[PDB]
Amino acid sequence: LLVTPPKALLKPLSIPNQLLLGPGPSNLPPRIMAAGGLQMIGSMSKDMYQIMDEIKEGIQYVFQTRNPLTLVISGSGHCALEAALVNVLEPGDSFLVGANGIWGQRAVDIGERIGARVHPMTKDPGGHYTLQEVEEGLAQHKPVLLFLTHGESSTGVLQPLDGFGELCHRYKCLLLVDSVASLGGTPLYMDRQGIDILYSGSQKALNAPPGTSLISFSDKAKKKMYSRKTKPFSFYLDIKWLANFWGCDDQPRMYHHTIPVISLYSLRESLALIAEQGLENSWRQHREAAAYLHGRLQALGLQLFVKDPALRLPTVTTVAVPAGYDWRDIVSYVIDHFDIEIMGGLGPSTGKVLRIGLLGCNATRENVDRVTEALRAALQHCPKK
């Protein structure tokens, strides 16, 4: 044979112990690890459908929606975003985007690829959108769809959502919201806030492993996706097929693709955990953990990148890189000496920030203390121009 068994593969798997305090993925609690170690069941068995149905109820709970077109996307946060866009948007459709961070920039990229006429509302990192600004975009561009990031994990921003749905609906625009970083960490009410498409991911405050994502569509969104003149560019993400297999339509489930059974166990357990805790209690925990972190970072002489506390995303905090340091030095020091992962910036915030995540079971004052101690040490050991 051309290729021999890889020597490295003949060694056993060995992973380091890391406290993951960046913007995700987050460490896994015991129940979620335990679920990940379970045996397979048939991907189209009655028992699998029951688990799926329970996951659906769980998503409806954490999104606060009664939308029946609610399901799991078999891919990461990006894949749920792509699923929303390739299904809602048809070539030529006007697409208004909140490009105030990497996530709006990604929505622009996807939208251009699938033929939308994309209209970015570009805002410096750290900014958020007002009702006035969005209405100017609706006036100008008459979009079929608005994208807004709820939790801007690249900039640390918590985007207000009240009023945007009603505004979009007046202009016959659908409202698409990214809650990958905000879900479970901060108030969110899909139906009350008139959101038409809402997606999140498994690996942020839910503390499930990365690889799945959560999505829900309103009746107005469904009407668009189900009256397209062309098929979506994606078969894997075609919502008509996915809606059927997830039991969201009035037909028996037909095979589309094999769902990630073991990941669905773990997701089920992550939704059970937050259902046990209670949404509002989870919001409380994150709010207070972030407030504690903010004060500890400030005591170090560090400056929070988002100055208005009301606009700070509890789950991902941005810290202005301290003058004189190489942020890469700080990030490396924190993992190398304290086995804690934090991150620098991303997209427009690249080079400008450090990012510290407080996600679910890892949103604790203990972890705030750990990362604060590690940052303190990095500031006095990392070289300062």
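When you see a residue number, it is the position in the sequence shown, counting from 1.
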| query | finding |
| --- | --- |
| Unmodelled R117 in at least one third of other entries with both flanks present | yes |
| 218-226 or 148-156, whichever carries the higher mean Cα B-factor | 218-226 |
| Greater mean Cα temperature factor according to the PDB record, 274-282 or 172-180 | 274-282 |
| Candidate set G344, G36, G347, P30 [ranked by C-alpha B-factor, highest] | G347 |
| Which of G126, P143, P314, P91 ranks first by CA B-factor in the deposited coordinates | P91 |
| Chain-wide C-alpha B factor ranking for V368, given as lowest, middle or highest third | lowest |
| Chain-wide C-alpha B factor ranking for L302, given as lowest, middle or highest third | highest |
| CA B-factor ranking of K56, expressed as a third of its chain | middle |
| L69 by Cα B-factor - lowest, middle or highest third of the modelled chain | lowest |
| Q132, C-alpha B-factor rank within chain (lowest, middle or highest third) | highest |
